[PDB]
C-alpha cells in the first residue's frame, strides 16, 4: 500500500520491484500545457551514495554530454544519455557527498545539453526545482533505518 509523501516540491514512494522494497525520491517538471518535460528519480544506496535517473526530452544529441549544475555554483557533473524509452531519454546520475550537500542548499538544478538539429543548438533553459530536496532526503535516510 504505497502512499505518496510530500516534502516541498518533492515526492516519496516506496514500492516492490524485483521482489525488493525500495524507497525513491522523485520530481516532475511541466510546461504551461501541463505536460512533463523533465523528470528526476533518486534512491539512497546502502553505502550512502545518492543515485538514480534523469529523464530529458527527445531530440537531444546523444554523443554530447548532459551537464548538471546546482544554481550558478561550483558543483558541476557531466554525464550522458544511456538510452531512450517512450517517456523520454534516460540520463543516469550519481551524486557524491559534496554534490548532495550542494543539492540540499540549492534552489535549481540546471541542465545543459545539445539538440540534435542542424547547427547543433544548446538547450540550457531546463532545470529541476530543489525545494524540499533536503527534507525528502532526510526521510529517505530515516526509512533506511526502519
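Residue numbers count along the first chain shown, from 1.
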| query | Can you tell me which stretch has the higher mean Cα B-factor, 45-53 or 107-115? | reply | 45-53
| query | Which has higher Cα B-factors on average according to the PDB entry: 129-137 or 15-23? | reply | 15-23
| query | Which third, lowest, middle or highest, does the CA B-factor of residue 83 fall in along this chain? | reply | lowest
| query | In terms of the CA temperature factor given in the entry, to which third of its chain does residue 38 belong: lowest, middle or highest? | reply | middle
| task | Could you say whether, by C-alpha temperature factor, residue 31 belongs to the lowest, middle or highest third of its chain? | result | middle
| Entry-reported Cα temperature factor of residue 101, expressed as the chain third it lands in | middle
| request: State the tercile, meaning the lowest, middle or highest third, of residue 91 with respect to the CA B-factors recorded for its chain. | output: lowest
